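> Take this sequence and fold it.
(6 chains)
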Amino acid sequence: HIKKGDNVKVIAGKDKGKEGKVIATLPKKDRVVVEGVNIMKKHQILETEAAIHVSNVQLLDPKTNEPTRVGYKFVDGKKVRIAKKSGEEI
Amino acid sequence: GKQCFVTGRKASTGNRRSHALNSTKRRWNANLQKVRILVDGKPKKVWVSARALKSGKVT
RNA sequence: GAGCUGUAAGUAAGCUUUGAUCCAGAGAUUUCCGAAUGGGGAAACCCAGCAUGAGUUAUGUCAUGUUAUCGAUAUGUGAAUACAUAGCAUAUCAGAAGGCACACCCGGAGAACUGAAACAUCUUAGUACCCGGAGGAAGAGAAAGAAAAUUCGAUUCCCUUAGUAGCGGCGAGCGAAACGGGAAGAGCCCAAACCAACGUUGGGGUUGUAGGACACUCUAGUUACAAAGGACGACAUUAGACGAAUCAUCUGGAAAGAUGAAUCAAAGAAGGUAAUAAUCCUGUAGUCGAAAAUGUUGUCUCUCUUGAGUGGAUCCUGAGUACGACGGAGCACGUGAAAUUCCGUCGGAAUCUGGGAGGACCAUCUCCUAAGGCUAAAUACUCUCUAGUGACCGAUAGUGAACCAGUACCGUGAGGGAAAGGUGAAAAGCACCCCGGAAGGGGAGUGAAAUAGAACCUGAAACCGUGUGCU
RNA sequence: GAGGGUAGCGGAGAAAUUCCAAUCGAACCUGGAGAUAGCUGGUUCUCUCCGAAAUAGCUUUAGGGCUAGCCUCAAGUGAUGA
RNA sequence: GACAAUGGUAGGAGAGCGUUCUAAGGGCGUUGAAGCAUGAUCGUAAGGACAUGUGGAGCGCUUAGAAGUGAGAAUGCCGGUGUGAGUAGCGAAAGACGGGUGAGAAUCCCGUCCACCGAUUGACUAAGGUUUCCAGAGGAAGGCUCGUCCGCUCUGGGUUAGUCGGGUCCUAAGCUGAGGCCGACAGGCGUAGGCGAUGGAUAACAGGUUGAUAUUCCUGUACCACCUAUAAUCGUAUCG
RNA sequence: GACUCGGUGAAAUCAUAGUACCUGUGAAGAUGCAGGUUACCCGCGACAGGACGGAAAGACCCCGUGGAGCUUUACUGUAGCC
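Residues are numbered from 1 along each chain as shown, chains lettered A, B, ... in the order given. See the structure here:
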C-alpha cells in the first residue's frame, strides 16, 4: 500500500502538509514512520520520531509533486503502480 | 435367556387383577421342555415348546 | 510481493526480491496410555517367547516384525467306541469389539409425588429413569380397505370435521375417525401347479372386470425398490485480483464539525482513522480468476431384456394357519350388547358352489382376496461449516464462564461451584535534584489534561478526620 | 497392625431403636421437580368521586367454600321510595 | 354568575407523572453531551427548568407504538462500612548478664551461670506429606507482640547398590476366570488357569569422608550366579 | 486471672435516641402517657433488681379432611405354601 523509502505528504495531524521520506513500515499495526515528523521525547533523555497512521499520508506525484491516489493497470506481465489524476508510473 | 428353538416362543408380561380391580405385574411363561432332537452334528438337548412338538417332530 | 522468527515483553544470534514470514489443495514423520489386543497391572508402568540383524574372544545388552478373544471358510484330525462324531494344531478374513449431539426414531421393561378438596376403580402415564438396535432421517406402505354415490382407489404430513359421536366410582376427567380442502406422488419381486439332469440348481409364474399352469394360428440398459462392477464435459465448494469521486478558512492537542465552493454513484451497507467523513484507508455495486482434491449434473459407452386376446376337462393359489374356550393387553372405547387385532395354555377348519368384512348374531346384497419379502418424496431435530438479522443483554445483566473457568476451592467418593473488564490518540511509563535502610513524598520534565502515574475513564451513600459563624 | 467381605424394600447388633464417614424409627448424590401447602411472610408512582361486612341456609363443615343480604360502574322503566 | 357537594379500611370507576426502546418530523453538542455536587426557582401531586463547579462524547423535544416500567420492610440475596472497644484474648512451662550485627534489638548471633525431661522433650524406622533438606541474599504479606530471624520470598545445589526392602521366586483370606451353567435386557455364579504379603526362600562386613549421600562413595578384606582357552581325572561317566 | 503501662487486637446484639422515682391510666405488670417529687457537665473500679434482657419461627396443649415408624379377629391386596 505504502512501501518504505517513498515520498509522502501528510494530510492530517500536527505536522500536516509537510513532505517527508518513509523510513520504516509496521503492517501488523498499520503504522508508517515518516522522517522529520511526530518527534517524541523519552526519559532514558533523547529525541526520536514516532509512528503515524497509514491513512494520514498520500503519495506524491512525480511530475506535479501533489498528493494523489494509486491504481494498477498491468502494463507488463507483472503488476505496476500508477497514479490517479494522471497517467505517470510511480 | 430361554426360548423355543423350533418356533421362538418366549415369556410375556401382563397384569394380575383382583375382585377390586387392583393390578400387579406378572409373567406368562412358555411350556418349554428339554427334549433331544435331530441335529446336523451331535444330537443335543434344546428347549422346545410343547406346541412345536405337535404336528410331528423328530426326537 | 517485503519484511519475518505467536501471545510476550526484552536482550542476543539469524533468515529474505535467487521470492522470508503468511493463504489454499495434496503428501511424509507421528513417543506413551486408552476397545488396548504377548502376560500382568494401583492407565500413561513392569515382565516375555519366536525370526532376522547391530556390538562382545563369550554371556550380559540393543533394534526391527509377530504372538489376545470370538466368529466364518479350506486341510490333518485315535477318543470312551467298528466306520464316525465331541476336544485339538495350523492357513486366511478393511468380519466383530469401543465412542459419539445426554437432539430426532423403533423395540424390551416400567414408577411415585399430584388430581379426584379423604381414597382403593380412575388420573399423573405409557411420563421420568434404565437397557437394545440403527439411520441421516427412522417408522408405515401397494386393500381379506373406506362407504351406501347414476362411488373412490398404496403409504405419510398440514387445515377442518370438533371439544362433535362416544368412554367414565357416568365422578375427577379421557377423547376419535370417514367425508372435504392441500404438500408430495413410480410400483414390483418370491412359494405351488409344469418342464430335463443328478432332494439340488436353471426356465415358467404373481391374481378379484378371477389369475395362472395346459392345450390354442400368435413380437424400454431405469444401479433410490424393480439384477449387479466400470469408461464419456459443464456447473459448485476449498486461496484471490481489478474496481468512481475534495480542496480552502475558524475553534482546537488533533477536524471527519461549522462557513464556502466541486465531483462520483448498478458503489449513500459497515468498520477504522488524534472529534460526527458517499469522494483518507480496509471495503461495497459490477466483473474476472483454479495447479490439485472433492460433489452434483447430461450426451455417448457398457451391463440386462418374450411383446399381445378368445377356451376354462384336470391341477395349483402360503396349516398346527384362520378360529374357539380360559387369563391378560391394545383400539378414544374401564368386558360392557364389543365387532375390528396381539401374546401365553389347550382344542382345531374349507379349498373358487372357496374364504374374509360391512360395530353382538342370522339371512339377503355390496366390497375384498390373510396366514412370504423390499420401496424415493412431502415429515421431525441440530454438536458442527459459510453467509446474515433483531422496537434482544451491556459486566449483580447476558451462557456457570467477556479475564488461560468447569479453573480456585470444598468432599473418601458419586458430586457441588465462584469473584475478577476500561491510563492516554500515541508508552511518549517521570532524565535530573532533595528526605530513607526502603516504601512514600516535594520539585523539574512528557502530555490538552498526572487528583489521567499502571490499586490508573467519571466517582453517589453509609462511615472516618481538620478548621471555622451561632449556641 | 496389615491385606480383605457383608450396602439402604439392605447390612451388622452378648439387644440400647445401637452403628453403617462429626448426621439414622430408616445413609449420601443426581433426577421426576418450579412435588403439594384450604397455612405464616412479602407485593414498588401520584391525585379526584362513591364506599361496606363480621349475617341466614347447606357443607368430612366450623380460622375454607357456594347461593342470598349489604358496596361500585354502565345501559333501561318512570312516582312505583321514605 | 347562582346554588349544592367534597373524613374514610376491604373494594369498584376515571383522569394523570416518571423510566427504557422503536417510527416519523425537527434540534443541541469540544465556543463542551450524559453523569455527579450546590443553590434562597416553578406547578394542585407524582414532578419540570436555569446558573455555577467537575466531566470528556453523546443527548434531548412533538405525535404515535411496545414493555424485563417505579422499592422501606419478605429472621430476603450479594458487596461495602459502623456499635460492642482500644474492651475479651494472645494456647500448660525459668531465665539473667557481657560482646557484636544493625537505620532501628527484652525477642537475632557468640560466651558464662542458672533452670527442665531422661521407660524419655533422647536415638532409629513403617504408614502418610511431597522438596518443607543445603548455601548465599531480602523484610511487603504469614509468625496471635517485635524481629537484622524462620518450616515465609529470590537465586543456585542436594538422593550413587550384583549382596539392604520389592520385581525377573512361592503361595494365604480374597479378586478375576477360556470352555461351561443360569437369567426380559443389563448381567449372576463357577472349572482348568492366573492376580494377590501382613507369611516362606534368598550372596557383605569394618573404618573414613561433605554444607547437604552412605551395608550405595572411598580404603581393606569377602561371597553368590553366569561366560570364555589349556589342564588333573575322564567316555556307564554326567544331566533329568 | 482480674487492676496500671507498652505492642497487637475480635464477637454475639443494634428502629432513631438528650434513656429518673412514686401514685394512677392503658391490650388489664410503663425510661417515653397524667399529677407530683427529686436531680450541675464528663469519666474509672464493682454488684446484679428491670429493660416481659441475648442463642433456639415453644419438643407441653390444640388445629390441618399435613407426614413418618409400630400393632391387630379394621378394609382391600400380595410374596410364598397346600
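> For chain A, give the strand that spans the most residues.
Secondary structure of chain A per DSSP state E: the longest strand is strand A:19-26.
> what's the burial count for the closest residue to RNA strand C within chain B?
Among all residues of chain B, residue B:14 sits closest to RNA strand C, at 2.7 Å; criterion: Cβ to the nearest atom of the strand. C-beta: built from backbone N, CA, C; applies to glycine. If you count neighbours by other Cβ atoms under 10 Å in any protein chain shown, residue B:14 ends up with 10.
> helix or strand right after the longest strand of chain A?
Remark: after strand A:19-26, the chain's next helix or strand is strand A:31-34, criterion DSSP states H and E.
> Contacts only, for residue A:79.
Residues near residue A:79 by Cβ atoms under 8 Å, 6 or more residues apart in numbering or on different chains: residue A:72.
> sec struct for it, please.
coil (DSSP: H, G, I helix; E, B strand; the rest coil).
> Which positions in chain A make contact with RNA strand C?
For chain A, the residues found near RNA strand C under the criterion Cβ under 7 Å from any atom of the strand are A:1, A:3-4, A:11-14, A:16-17, A:25-28, A:38, A:40-45, A:50-51, A:53-56, A:58, A:67, A:69-73, A:79, A:84-85.
> And the residue nearest the centre of chain B?
Within chain B, the residue whose C-alpha comes closest to the C-alpha centroid is residue B:30; the distance, by Cα atoms, centre = their mean, is 3.1 Å.
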